[PDB]
């Protein structure tokens, strides 16, 4: 575990993370995809061997000894708000199980079911709160990666307000 488990946020490419493992915002078919998924594919393509997994699940594949946790959030274009919410919370629960199993002291994590899976809605708060619900019982240092300047501020405020 980390001596004083923390949450942090950085605005940069998660492929340049300084953590012991990464969470990919994966598609269910293990395809290179776009956005975070494509950056992850470029950096750790070996981690896409048999990475396909259903919505609401996480599947870890090693790139060397570096664990890539492929977490499949729902595409809110396809799911109802109710069913998508349930699957999004489930994907993060599976990430917490994998982070725990791996014994890492840190993890780099993107906000699942944002961007191309958001169904054109702002899901920062929904996705971040499911992240916290799953990760709060873990003792890994969590570093959230984002790309938007306004999202960085909102995530940073949400972290700071619970300390």
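Positions refer to the first chain, counted from 1.
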Given the B-factors recorded for C-alpha atoms, which segment has the greater mean, 113-121 or 99-107? 113-121
Higher-scoring stretch by recorded Cα B factor average, 143-151 or 20-28: 143-151
Ranking the modelled residues of this chain by C-alpha B-factor as given in the entry, is residue 59 in the lowest, middle or highest third? middle
By the record's CA B-factor, is residue 70 among the lowest, middle or highest third of residues in the chain? lowest
Which third, lowest, middle or highest, does the CA B-factor of residue 136 fall in along this chain? middle
Using only modelled residues of the chain, where does the Cα B factor of residue 128 rank: lowest third, middle third or highest third? lowest
Lowest, middle or highest third: where is residue 40 by C-alpha B factor in its chain? middle
